[PDB]
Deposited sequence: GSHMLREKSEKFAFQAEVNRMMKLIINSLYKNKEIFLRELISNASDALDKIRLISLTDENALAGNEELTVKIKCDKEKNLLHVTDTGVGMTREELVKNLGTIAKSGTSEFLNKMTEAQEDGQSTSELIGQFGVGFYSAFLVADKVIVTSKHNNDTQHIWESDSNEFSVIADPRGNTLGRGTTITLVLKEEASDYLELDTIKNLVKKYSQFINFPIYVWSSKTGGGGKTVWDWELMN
């Protein structure tokens, strides 16, 4: 089973439009970097609505994980921020397509014109806030498990991306973990007080419960909304 690594069939290039998109997003929100967390939580919320809808007509929808939540972990020691939801997840095919490709032109011109203003609303409306994670992270990693596939891992430094079967197996049960390798100057997002203030402000209108792994010295999940 060496055919895959010897042929590097796990490596992909982003679609031109996506590269241009990442730049627009990264350039416009340069002064409002914290918005990334809001967009991740928002993407989590959508993923949770989807699985909830599927659970209405599919009796075995929540088999892999009976809960519907969003959990945030700060790993200061490893310089990582994790955002995990137990939503619908993404198959290997969807990781490639949904994250690596994409009113695209209108948004293309609307964004440029919105910079030559605030773009936070547009990005949020068109649902492409995922990329805003690159404002605070050098590498973005997406671990996901969809009912129709095995767990997979997508990773990118924005110059390319790759998808690989997760050698750890099905640890998520169902859902997605957005792991951010924080830039040196973005260490503040590893601070519990900082994350809690952002998560609380950004989860205020999310219908699913959002938790942050915090201390009180004992650790446990803390409800934020």
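Within the chain's deposited sequence, the coordinate-free stretches run 103-105, 120-121, 222-227 in sequence order.
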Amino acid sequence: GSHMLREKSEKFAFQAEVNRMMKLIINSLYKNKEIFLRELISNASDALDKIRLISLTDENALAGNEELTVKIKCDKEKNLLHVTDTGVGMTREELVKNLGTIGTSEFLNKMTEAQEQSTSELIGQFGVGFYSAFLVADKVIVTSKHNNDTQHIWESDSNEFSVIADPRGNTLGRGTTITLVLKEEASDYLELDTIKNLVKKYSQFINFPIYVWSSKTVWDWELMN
From here on, numbers count along this sequence of modelled residues.
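Here, rigid core means the biggest group of C-alpha atoms that superpose within 1.5 Å across both forms.
Of 167-175 and 24-32, the stretch whose C-alpha atoms sit farther from the shown form in 9 other deposited structures of this protein, after fitting on the rigid core, is 24-32. Superposition on the core shows that, in 9 other deposited structures of this protein, the C-alpha atoms drift more in one of 93-101 and 139-147; this is 93-101. Modelled in this chain, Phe134 is likewise built in all the other compared entries whose models extend past it on both sides, so a third of them omitting it does not occur. Where the other entries of this protein model the residues before and after it, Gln117 is dropped from at least a third of them. Look at the mean CA B-factor for 164-172 and for 55-63 in the entry; the higher one is 55-63.
Checked against the record, the higher mean CA B factor of 196-204 and 178-186 lies with 196-204. Going by the entry's values, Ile123 shows the largest Cα B-factor out of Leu99, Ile123, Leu135, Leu81. Among all modelled residues in its chain, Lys139 ranks in the middle third by Cα B-factor. In the PDB entry, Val128 places in the middle third of its chain by CA B-factor.
When the CA B factors of the chain's modelled residues are split into thirds, the value for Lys110 lands in the highest one. Split the chain's modelled residues into thirds by C-alpha temperature factor. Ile41 is in the lowest one. Sort the modelled residues of the chain by CA B factor and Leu68 lands in the middle third.
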